[PDB]
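Quick heads-up: it's one chain on its own, the form deposited in one PDB entry, in structure tokens.
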């Protein structure tokens, strides 16, 4: 079991490559300021996660901005605030402001030299196009919840991706599914028979943050605390 055995990295984006937690914390600041309260980042992410998961209907909405706008309305209500139309508009379009993790671009640019790179996203294609401009590489394949007809962890998202990659020349055993979310990615990757690389982005933090809690702990074949550390492990494997 070696990193170099694989031909394609199939990525989660939001939480693995894009730091969506920092993006959400930043995007909630205008609304939070009106409460007069003081929130930690963990507290804001708890509020976001408790109010976003209900919006994850079985059939995906066409536009992720509609989820964010509905979340804004829910959070304004929870905080005893009246919603503001301009704040809602800015919050709903905020994916374009969500930053990459500081290590992501250099890691992706290295791994692009050696692997086919694929995206599996629950956030829609045009939002991901905005994030992609910050990620420093072109992705060979991009699969969204709108393509599949469901959100991960639905098994259809993984069979859709596996079939797409097979048609592109990548056998299932040559896929390494690389992602932070045990719930969204590694439980269904396990069930689908994929090998997993767990990027534990919250390794130095408490809890799951903006990420849904998993029903079980999945098996993972590789563990890294960052994308940069995955790239370093590949470099070390090639050196012997």
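Positions refer to the first chain, counted from 1. Each form is matched to the other, and the largest set of C-alpha atoms that superpose within 1.5 Å is called the rigid core.
There is another form of this protein, the form deposited in another entry, and it is not shown here; the text below is about that form.
Annotation: the position in 210, 187, 195, 32 displaced by at least 2 Å at CA between this form and the one not shown, with the core superposed, corresponds to 32.
A displacement of 2 angstroms or greater separates the C-alpha positions of residue 50 between this form and the one not shown, with the rigid core held in common.
In this overlay on the rigid core, residue 85 has a C-alpha that sits 2 Å or more away from its partner position between this form and the one not shown.
After superposing the rigid core, the C-alpha of residue 76 moves by 2 Å or more between this form and the one not shown. The pair residue 166 and residue 58 separates in the other entry: their C-alpha atoms are at least 3 Å more distant from each other than in the form depicted. Cα-Cα spacing of residue 161 to residue 58 is enlarged in the other entry versus the present form (difference of at least 3 Å).
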